[PDB]
Amino acid sequence: XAXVXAXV
Amino acid sequence: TXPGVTXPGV
DNA sequence: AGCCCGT
DNA sequence: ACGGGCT
Ligand SMILES: *C(=O)c1cnc2ccccc2n1
Ligand SMILES: *C(=O)c1cnc2ccccc2n1
Ligand SMILES: [Cl-]
Ligand SMILES: [Cl-]
Ligand SMILES: [K+]
Ligand SMILES: [Zn+2]
Ligand SMILES: [Zn+2]
Ligand SMILES: [Zn+2]
Ligand SMILES: [Zn+2]
Ligand SMILES: [Zn+2]
């Protein structure tokens with residue numbers, strides 16, 4: 001749930 | 001990093 | 001060549 | 001159940 005590379 | 005040496009991240 | 005996350 | 005972004 002973070003988006004630092006994926007954003008789920 | 002940076003750019004350079006994005007971020008992290010983005 | 002250069003890093004690292006939270007619901 | 002998840003991989004991104006220029007100097
Ligand atoms: C977002 O909070 C979060 C936390 N853990 C994960 C594990 C695997 C895929 C996505 C995730 N997202
Ligand atoms: C996003 O593309 C990405 C890839 N690897 C990671 C490792 C650890 C924390 C965050 C990350 N994000
Ligand atoms: Cl060298
Ligand atoms: Cl990974
Ligand atoms: K080198
Ligand atoms: Zn390169
Ligand atoms: Zn790692
Ligand atoms: Zn975690
Ligand atoms: Zn991964
Ligand atoms: Zn990548």
Side-chain angles (χ1 to χ4, degrees):
Chain A
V4 319
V8 317
Chain B
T1 63
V5 41
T6 54
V10 81

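Reminder, nothing fancy here: chain letters follow the sequence lines and each chain counts from 1.
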> Which of these nucleotides, D:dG5, D:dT7, C:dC5, is closest to any side-chain atom of A:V4?
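Of D:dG5, D:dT7, C:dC5, C:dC5 is nearest to the side chain of A:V4.
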> Heavy atoms from C-beta onward define the side chain here; which of D:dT7, D:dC2, D:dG5 lies closest to that of A:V8?
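For the A:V8 side chain, the nearest candidate turns out to be D:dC2.
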> So which nucleotide from C:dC3, D:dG3, D:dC6 ends up closest to the side chain of A:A6?
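Of the candidates, D:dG3 comes closest.
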